[PDB]
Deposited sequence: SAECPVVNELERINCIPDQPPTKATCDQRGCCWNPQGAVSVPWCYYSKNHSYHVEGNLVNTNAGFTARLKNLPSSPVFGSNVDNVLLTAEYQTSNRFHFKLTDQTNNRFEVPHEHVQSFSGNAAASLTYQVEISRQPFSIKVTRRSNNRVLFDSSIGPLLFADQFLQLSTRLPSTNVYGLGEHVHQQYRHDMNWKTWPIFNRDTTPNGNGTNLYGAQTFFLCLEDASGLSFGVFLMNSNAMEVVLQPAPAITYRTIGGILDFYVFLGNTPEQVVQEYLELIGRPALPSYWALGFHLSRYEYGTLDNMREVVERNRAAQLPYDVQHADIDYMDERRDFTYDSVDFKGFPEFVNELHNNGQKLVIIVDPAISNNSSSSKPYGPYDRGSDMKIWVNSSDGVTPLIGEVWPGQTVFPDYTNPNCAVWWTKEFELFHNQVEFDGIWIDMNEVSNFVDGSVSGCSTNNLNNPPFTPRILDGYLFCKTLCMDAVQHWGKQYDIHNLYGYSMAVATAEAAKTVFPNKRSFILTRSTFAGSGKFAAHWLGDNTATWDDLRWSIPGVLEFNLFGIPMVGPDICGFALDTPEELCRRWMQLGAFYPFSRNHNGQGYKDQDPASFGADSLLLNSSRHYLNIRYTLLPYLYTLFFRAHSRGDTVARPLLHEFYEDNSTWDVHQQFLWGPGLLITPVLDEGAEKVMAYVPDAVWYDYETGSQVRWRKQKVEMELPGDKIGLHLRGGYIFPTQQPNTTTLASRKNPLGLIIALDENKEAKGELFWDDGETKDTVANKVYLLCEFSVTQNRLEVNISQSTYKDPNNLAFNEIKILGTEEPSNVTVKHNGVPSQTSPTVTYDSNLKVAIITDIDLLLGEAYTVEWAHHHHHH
């Protein structure tokens, strides 16, 4: 037994031969660091009893427990395996207790499979019976993708474990954590997953959300696969250099999906087809957002808003944190410090901006006839609180307002209550979107104001290595009771259920609009409802660097609108760090500068009306806004097809092994390469330039670099931005708000490849109506350039923007001088446009043209 393949039999304590012998495992203390001294033997677990049975969907097998001493308690004697060949690219298998119903995640999107095994499978499944293992191989090359035979199946009531070999070390995903790098360290690493309010720092703890998905790039051909575990109990995932991964959970069932794709993008698409593709955001949510904890007063907030508006900062959204509230209570505002809040909301709206308000789940229980607190009275009337273990008394904890009860968003009636609270509050403050926070759920006491009873839920036989080592730390008692079940089973689902309930509330408060929901805690599928931010980071260079893997991983998870707090939540931010973070932050799919309580101001204009930081911030935000039609179309593809938005280099450049661990650069979609300076004092960045033609975004000059590491010169006012040859990028003249920018002239940037060809697309709808994609009210056009000729081709034409939008500029990169430029409309000539040519840079710009959005054109030229 090769030491890299040993599966640890003593995860719970310092390894001893005595414990090893008792557990019937193998003892060998002579390995390298982290190699398990005690590891499972060749036959520990389950065997198949009798024959497999064909079903319409796949097959079932009965697994029988081989005799073994009970380590983490009540072992499951008869296990049922149910396997379903759900699609050509997705396999589903579950291990359940044959004679008892167990908790299964009540997911809102995923449904039970009815139907027949798919035809033309890209995979094969192989079951070994003595001892049990399950293998999933790729049919084309027989590559073993999933293979549980490396370790036992373990299945006790509060301890379930299965391992899989992996075909490579290119492993990406799992969450929510700060991994620091994007490609996984496979060198004996354990990642705990249990929704927790904790600082995203260098300690590798469980954080706000629970994401069990990972993607593996098998080799340079691009062939990739993914694995998702549908389980919401506390768990940890163990990575080792075999390479192999082990999932270790403390309840529910092992419900696994395996996805195959021809590229990393296709694996993500397969995962999202299962779990739910992300919502198409409101176009305004793609703009820049500004926020802080404790402006203190509306006057102070209003002063910040005004100096950034005075600076002409692209600036769509203002967030109001708990300081707007009357003593930190939801659905109120402070009538003294925030007197005139409704007038301020009108000011934002008149300026073409949006208000996003924070709402916390926990509700103050302080109410009397003397001073009623409406949300609590109404919630108690409807009996929609999380209860203590007696099943009848609302659990009391403590959050921002003091003592609180917690809504049980798993109860359908709770969404009715929540909806009414928002309707009532929206009648006072006409906010545009909702930021749901502290929804792990976060509790300032451990469990409840009276602690937690000692029992198998609060104190289980095995505890994954979660921060502080107790499940109820800074959250609710594990024996608290909700509609879907006990907190032990549904804790990781709280913020998911809250986001589902908040989207329901939006149906009434914002009829037929998308609005915007931003959530802290997530589960698999949360992106269908909400954006995410990476939580309470710190103003350090480490946090700046660590942000990029976090953004890429949430894109894998189908929450593409993701970003950190730009400049750093905790601590005063250094000018240089904030300047670099604003440059990079202009390109986070969710772009928000947010700051903690009491720290020095870090809004862009606070650095000086004429400062390098403000100038550069404005410059790069103006570039972001210019590329919004491109970014929005990327979101359209995430929503409709399941593509990533912020995308790892390796998803486009998988043939090139130098991209497999790149985490200091990323792409927008296939075509825009972003190269930030991430090191203090630096005016350079060591960067990778992939195997494509690349053009400097601002000058349009073709770089000489290709497929190579470079030292990119990036002075204090620059971030690297390069356009990929072969792509056509739709643009729109920027303005300080997207309300205004969407009325502006459009442009095309044609970045020619080595063959002088390029292709692109543009999605365009009204930017805010819900279901425009499902109801087919949108424009989708395709651009292609193949020598001497641009074609604009319309594939869907069921929305026509009333603002007379047209492409009034075409910039062609990598071209010899165009002559005789001719424009045809539906094949019919043809006015001569203006052409400007830079012969040193090989850039042509065509102007004095008006190609109406939604019409077919051909633009032809000679050389």
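Q. Since the structure holds only modelled residues, which stretches of the deposited sequence does it leave out?
A. Going by the record, the segments left unmodelled (no C-alpha atoms) fall at 1-6, 837, 871-875.
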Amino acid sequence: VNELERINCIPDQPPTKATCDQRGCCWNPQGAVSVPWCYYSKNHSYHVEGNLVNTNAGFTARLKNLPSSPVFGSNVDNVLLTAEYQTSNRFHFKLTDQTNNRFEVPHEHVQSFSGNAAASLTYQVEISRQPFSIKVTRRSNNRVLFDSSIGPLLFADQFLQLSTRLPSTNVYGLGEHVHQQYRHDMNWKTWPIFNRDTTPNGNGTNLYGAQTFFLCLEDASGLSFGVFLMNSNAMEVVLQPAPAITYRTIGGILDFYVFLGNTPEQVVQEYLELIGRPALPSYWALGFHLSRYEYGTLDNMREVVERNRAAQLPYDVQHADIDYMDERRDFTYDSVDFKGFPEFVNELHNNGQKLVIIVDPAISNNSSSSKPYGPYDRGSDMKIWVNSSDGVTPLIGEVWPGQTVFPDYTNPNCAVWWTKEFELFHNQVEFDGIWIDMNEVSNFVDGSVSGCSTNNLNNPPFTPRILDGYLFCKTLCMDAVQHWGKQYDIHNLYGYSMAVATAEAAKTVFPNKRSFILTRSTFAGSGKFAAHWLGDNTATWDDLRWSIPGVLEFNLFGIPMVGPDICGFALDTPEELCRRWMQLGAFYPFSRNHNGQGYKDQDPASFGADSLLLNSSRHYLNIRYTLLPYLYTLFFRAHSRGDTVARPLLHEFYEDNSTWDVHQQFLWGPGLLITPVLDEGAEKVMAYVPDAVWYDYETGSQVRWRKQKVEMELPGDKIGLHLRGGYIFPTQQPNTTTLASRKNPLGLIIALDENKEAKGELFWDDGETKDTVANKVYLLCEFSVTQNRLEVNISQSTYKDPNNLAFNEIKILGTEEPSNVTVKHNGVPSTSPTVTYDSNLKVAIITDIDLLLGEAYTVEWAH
From here on, numbers count along this sequence of modelled residues.
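Here, rigid core means the biggest group of C-alpha atoms that superpose within 1.5 Å across both forms.
Q.
Quick check: by Cα RMS after rigid core superposition, does 565-573 or 181-189 differ more from this form in 8 other deposited structures of this protein?
A. Most displaced of the pair in 8 other deposited structures of this protein: 181-189.
Q) Looking at the deposited entry, does 549-557 or 446-454 carry the larger mean Cα B-factor? A) If you average the C-alpha B-factors of 549-557 and of 446-454, the larger mean comes out for 446-454.
Q) Comparing 426-434 with 275-283, which stretch shows the greater average C-alpha B-factor in the deposited entry? A) Higher of the two, by average CA B-factor, is 426-434.
(Q) Between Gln583, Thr659, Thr633, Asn187, which one tops the list for Cα B-factor in this entry? (A) Within the set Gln583, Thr659, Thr633, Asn187, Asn187 shows the top C-alpha B-factor.
(Q) Just to confirm, going by the entry's C-alpha B-factors, which of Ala61, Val35, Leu813, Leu805 comes out highest? (A) Each of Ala61, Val35, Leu813, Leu805 was compared by C-alpha B-factor; the highest is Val35.
Q: Divide the modelled residues of the chain into thirds by Cα B-factor and specify which third, lowest, middle or highest, holds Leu851.
A: For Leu851, the deposited C-alpha B-factor lands in the middle third.
Q) C-alpha B factor of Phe523, ranked within the chain: lowest, middle or highest third? A) As the PDB entry reports it, the C-alpha B-factor of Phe523 lands in the lowest third of its chain.
**Q.** CA B-factor placement of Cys20, once the chain's modelled residues are sorted into thirds
**A.** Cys20: CA B-factor falls in the highest third of its chain.
Q. When the modelled residues of the chain are sorted by Cα temperature factor, does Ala687 land in the lowest, middle or highest third?
A. Its C-alpha B-factor, which the entry lists for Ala687, ranks in the highest third among residues of this chain.
Q.
Using only modelled residues of the chain, where does the Cα B factor of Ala210 rank: lowest third, middle third or highest third?
A. Answer is lowest: the recorded C-alpha B-factor places it there.
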